[PDB]
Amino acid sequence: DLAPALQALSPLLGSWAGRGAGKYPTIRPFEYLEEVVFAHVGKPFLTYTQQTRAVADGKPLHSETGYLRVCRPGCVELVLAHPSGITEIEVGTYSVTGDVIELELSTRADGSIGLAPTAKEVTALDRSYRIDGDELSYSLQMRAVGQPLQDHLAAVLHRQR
């Protein structure tokens, strides 16, 4: 059974696939393909995994894995591990407007970043997610490696059968 706390976020459940792009002042721009799965085990959190790969040659780029907790309806904690040696807790809120869910999260809202000894220096991450029917879109802003908070990613995914 779905935990009551997750009712508003039930449209996230399932498999999502699509494409996005990214940039940062210290790197060259890039694009990627993305696969996401949201699932649950009957508690007040979703499980979440992401895999991305290069559009050109399908080489694995970034992945992330963890949990989207509901901290009472309307509140979210996104808890993630990254294979780059970084952990992330983003905190925020969401709203339901018919078939549209808007989630706004940030490490800067009493969240966390952890850096392994060999990780790049990331100090903030902000995420804006929109689920509109069978479309999931997002942007991610990053403060890292001497640069102010600014876009690093954005993508559009579609619900898979």
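Residue positions are given as counts along the sequence shown, with the first one as 1.
Colleague: Looking only at CA atoms, which has the higher mean B factor in the entry: 63 to 71 or 128 to 136?
Modeller: Averaged over C-alpha atoms, the B-factors run higher in 128 to 136.
Colleague: Of the two stretches 89 to 97 and 52 to 60, which shows the higher Cα B-factor on average in the entry?
Modeller: According to the PDB entry, the answer is 52 to 60.
Colleague: Out of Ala109, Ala119, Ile113, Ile27, which residue has the highest Cα temperature factor in the PDB record?
Modeller: Most elevated C-alpha B-factor of the set, per the entry: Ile27.
Colleague: Determine, from the deposited record, the chain-internal third of the Cα B-factor for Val41: lowest, middle or highest.
Modeller: For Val41, whose C-alpha B-factor we compare with every modelled residue in the chain, the answer is the highest third.
Colleague: Quick check for you: using the entry's CA B-factors within this chain, is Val145 in the lowest, middle or highest third?
Modeller: Its C-alpha B-factor belongs to the highest third of this chain's values.
Colleague: Should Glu31 be placed in the lowest, middle or highest third of its chain by the C-alpha B factor in the entry?
Modeller: Middle third by C-alpha B-factor.
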